[PDB]
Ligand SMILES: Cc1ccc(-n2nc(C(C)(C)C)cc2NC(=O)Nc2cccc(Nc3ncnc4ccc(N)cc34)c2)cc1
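First comes one chain, alone, set out as C-alpha cells in the form deposited without this ligand.
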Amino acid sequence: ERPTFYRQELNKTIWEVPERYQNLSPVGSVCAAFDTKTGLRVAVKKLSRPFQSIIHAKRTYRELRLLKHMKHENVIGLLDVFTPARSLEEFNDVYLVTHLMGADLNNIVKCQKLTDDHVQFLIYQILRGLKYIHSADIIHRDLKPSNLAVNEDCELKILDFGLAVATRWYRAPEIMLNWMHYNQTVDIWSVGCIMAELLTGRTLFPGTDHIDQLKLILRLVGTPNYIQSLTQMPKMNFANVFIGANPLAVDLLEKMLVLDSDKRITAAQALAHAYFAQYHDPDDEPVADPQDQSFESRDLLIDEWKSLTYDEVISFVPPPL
C-alpha cells in the first residue's frame, strides 16, 4: 500500500516522492513527472509552507478539501496526494498530483485555424466547467487560454485556481479597478475574450497597462470620476467587428462582453443559448455536491488543523481509471 519513495535535489528543494513518479522536472514548487504506473504525464506540486502559521494551517485544510471535492469532466482533478511522512508526528509536507495535458488553448490558437464547429465545442466545455466551479461557490479570476488545457480527444479542462502580464488581457474591468465585492460573471467576461480569440485568431484586448487595457475595451463597447474625463468612444457593432463569426457566436458575445456585471449572462444561461443547440443537454450539466463547512467556524491550534489535513491526505482515494 505504502510506496517506496526516493529523494532528489531540485531548485534548492529536496523532493521526496513515490517511485512511480519518474523524470521529475520543475517548471515554475511544481514538477512535471512521468507516472510509470498509469503511463500518464503528470504535474506534481509540493506545497510551499502549509502549517506556516494558524491562518495557513487552516487555509491548507480548506483548500485541500475544496480540491478533493472537484469531480467534473471539464475541471482539473486530483490524481493523487501524498506525504513521505510515516506518522502525524513527522508530517510536514504535502504533495499534489494532477495529470499534464499535452496542449492548451494558447499553443493551439497560435498554430491552427479553427472553424466555428471547433469554437462551439470548446466554449461549451468551458461554460459547462464554469457552471460547476461557480456552483461550488468558487470564482476563478485568472481564466486565460494558457490555463485551458485540452487533451488528445479534444476534452478541455479548467486548470488554475486554489493552485498555480498575459492575464490582464482576459481580465474583467471591475477586477482591474479593485472592486472588493465583484461577481462570478467576472469569469464570463474572460470567456467572451477567449471566445473572440478563437473566432479570429487574434487577441481582442492586447493592452499594455491597466488604464490602457481599458482604453482598448472602451473602444469596443463604448463609454458607459477619471472616466468623466475620458474621451468619447462610441459603441462598435460586433458584426462589423467579427467578420466571419456565426451570427449566433456574435449574439452570445454581445451578452458576455457587457460592462455592467449585473447584466452579464451567467454560465447557466449561456449554456441554454441557441449557439450551443448541438451540445446543450440539461440532464448532463451537473452542479457540485453540497460540502460541509462546519470547520469554517472552528478555532483550533495549528496541530489540530494539521491533524485534520493529515487525515484528509490519508483518506484520499484516487480516480478509478
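Numbers follow the displayed sequence, beginning with 1.
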task: Answer with none, 1 to 3, 4 to 9, or 10 or more: how many deposited residues between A164 and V165 are not present in the coordinates.
output: 10 or more
message: Going by the PDB record, how many residues of the deposited sequence fall between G28 and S29 without any coordinates: none, 1 to 3, 4 to 9, or 10 or more?
response: 4 to 9
Per the entry, higher mean C-alpha B factor between 300-308 and 15-23: 300-308
task: Determine, for stretches 290-298 and 263-271, which one has the higher mean CA B-factor as deposited.
output: 290-298
query: Among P145, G207, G129, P84, which carries the highest Cα B-factor?
result: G207
task: Could you tell me which one of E63, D35, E254, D283 shows the highest CA temperature factor in the PDB record?
output: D283
- prompt: What third of its chain, lowest, middle or highest, does the C-alpha temperature factor of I55 fall into?
  reply: middle
task: Would you mind checking where the Cα B-factor of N240 ranks among the modelled residues of its chain, as the lowest, middle or highest third?
output: highest
message: Which third, lowest, middle or highest, does the C-alpha temperature factor of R219 belong to within its own chain?
response: middle
- prompt: So where's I227 on the chain's Cα temperature factor ranking, which third?
  reply: highest
task: For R49, return the chain-relative third of its C-alpha B-factor as stated in the PDB record: lowest, middle or highest.
output: highest
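There is another form of this protein, the form solved in complex with this ligand, and it is not shown here; the text below is about that form.
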message: For the form shown, open or blocked once this ligand is overlaid as positioned in the entry with it bound, with the cut-off of 3 or more ligand atoms within 2.4 Å of backbone or C-beta atoms?
response: blocked
message: Please tell me whether any heavy atom belonging to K131 falls inside 4.5 Å of a heavy atom of this ligand, as the geometry stands in the entry with it bound.
response: no
task: Would you check, heavy atoms only and a 4.5 Å threshold, whether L199 touches this ligand in the entry with it bound?
output: no
Interface membership of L100, this ligand in the entry with it bound, 4.5 Å heavy atom rule: yes
- request: Report whether the minimum heavy atom distance between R59 and this ligand in the entry with it bound is within 4.5 Å.
  value: yes
- request: Sort through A268, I54, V30, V287 and report the residue having a heavy atom within 4.5 Å of this ligand in the entry with it bound.
  value: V30
query: Of the options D251, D160, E73, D93, which one has a non-hydrogen atom that comes within 4.5 Å of this ligand in the entry with it bound?
result: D160
statement: Testing 152-160, 82-90, 239-247, 199-207 against this ligand in the entry with it bound with a 4.5 Å heavy atom criterion leaves exactly one stretch, namely 152-160
- line: Looking in the entry with it bound, the residues of 40-74 with a heavy atom no more than 4.5 Å from this ligand, listed in order, are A43, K45, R59, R62, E63, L66, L67, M70
